[PDB]
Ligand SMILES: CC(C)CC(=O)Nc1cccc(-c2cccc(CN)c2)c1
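Presented below, as C-alpha cells, is a lone chain in the form solved without this ligand.
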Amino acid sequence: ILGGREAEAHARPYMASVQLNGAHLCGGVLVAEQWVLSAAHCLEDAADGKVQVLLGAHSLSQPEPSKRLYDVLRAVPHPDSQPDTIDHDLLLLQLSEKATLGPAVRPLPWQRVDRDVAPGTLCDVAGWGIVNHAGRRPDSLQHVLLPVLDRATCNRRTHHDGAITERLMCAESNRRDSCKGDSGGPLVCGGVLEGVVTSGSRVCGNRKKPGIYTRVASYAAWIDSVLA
C-alpha cells in the first residue's frame, strides 16, 4: 500500500495473509468460515512451497493473541484463469478447518449485485505490500482510501488502453495505490467487498497506470459453487 497509513489493529477481521514458506506473498479475504478469496496469479511461482493462510493478524512478525497460521486443505483457482491472462484472476483457498472466529477473525460479505461501483466512490484497500518505490514491505497492515475511476478513463491509451473489461474495475493511482504484495487483497466499498486486487507487474503510485481490481459480483455464481 503506497501513500497510505497503518490500519487500526484488527479493525478488518476479514484480512488474510496468503503465505509461501512463512513469508507474506499475497493479500486475501475471508469470505466464509473455511474459505479465503485471493488471486490465482499468487500461486503461479510457488509449486514447491508450503502455502498457508494467516488470519487475525496485524503484525506479520510479532505474536498476537488472535494470530493463527492455517494450512491449506484445497486451492481452487478460477477454472478459466491461467498464466498469460489477467482474466478471471480469482482463487478460493480452503483452510485446514473452519476458522476460529472472534473479534479479529470474521468473514466479509461480498457484492452479489452485478452493477458497477459508481465513479468517484471512495473505497478501502488493505495489504502488507510495498509502501515505496524502493520495494520496502511493511511489518503491520496498511490501508488507503481510493476513488473509483470509470472504465472509459481507465481504458484511455495513456492508461490501460482497452484492457479493462466489464469484469474489472479501476481506482485512482496518483501517489496513493495498491502495489506488489497487495494482490489478492480486498477493495471494500461501504463495508461490502467489491474487488480483489490484481496488481501484476504494473508500476505503482503512477497516475498513468490506475489500479486494477477483479469485480467479485461478475463471479457470483462461481464463488457460490465453490463455497456450497
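Throughout, rigid core stands for the largest set of C-alpha atoms superposing within 1.5 Å between the two forms. One rule holds for the numbers: they count along the sequence shown, beginning at 1. Only residues modelled in both forms are compared.
Just so you know, the form deposited with this ligand bound exists too; it's not on screen, but the next bit is about it.
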Query raised in the report: Is there a clash that blocks the site, or is it open, when this ligand is superposed from its pose in the deposited bound form and ligand atoms are checked against a 2.4 Å limit to backbone and C-beta atoms, 3 or more counting as blocked?
Result: blocked
Query raised in the report: Does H159 reach this ligand in the deposited bound form if we count a contact as any heavy atom within 4.5 Å?
Result: no
Query raised in the report: Does the 4.5 Å heavy atom contact test between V203 and this ligand in the deposited bound form come out positive?
Result: yes
Requested in this report: Flag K180 as yes or no: does it have a non-hydrogen atom within 4.5 angstroms of any non-hydrogen atom of this ligand in the deposited bound form?
Outcome: yes
**Report entry** 4.5 Å heavy atom contact, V197 and this ligand in the deposited bound form
**Finding:** yes
Query raised in the report: So which of 48-56, 180-188, 28-36, 64-72 is the stretch with heavy atoms within 4.5 Å of this ligand in the deposited bound form?
Result: 180-188
Query raised in the report: Does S199 show a Cα shift reaching 2 Å between this form and the one not shown after rigid-core superposition?
Result: yes
**Report entry** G200 and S17, C-alpha gap in the deposited bound form relative to this structure (3 Å or more)
**Finding:** farther
Report summary line: Output row for the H160-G200 CA distance, |change| of 3 angstroms or more in the deposited bound form, reads closer
Query - Residue ranges moving between this form and the one not shown (criterion: at least three consecutive CA positions shifted 2 angstroms or more, core aligned) - result: 199-202
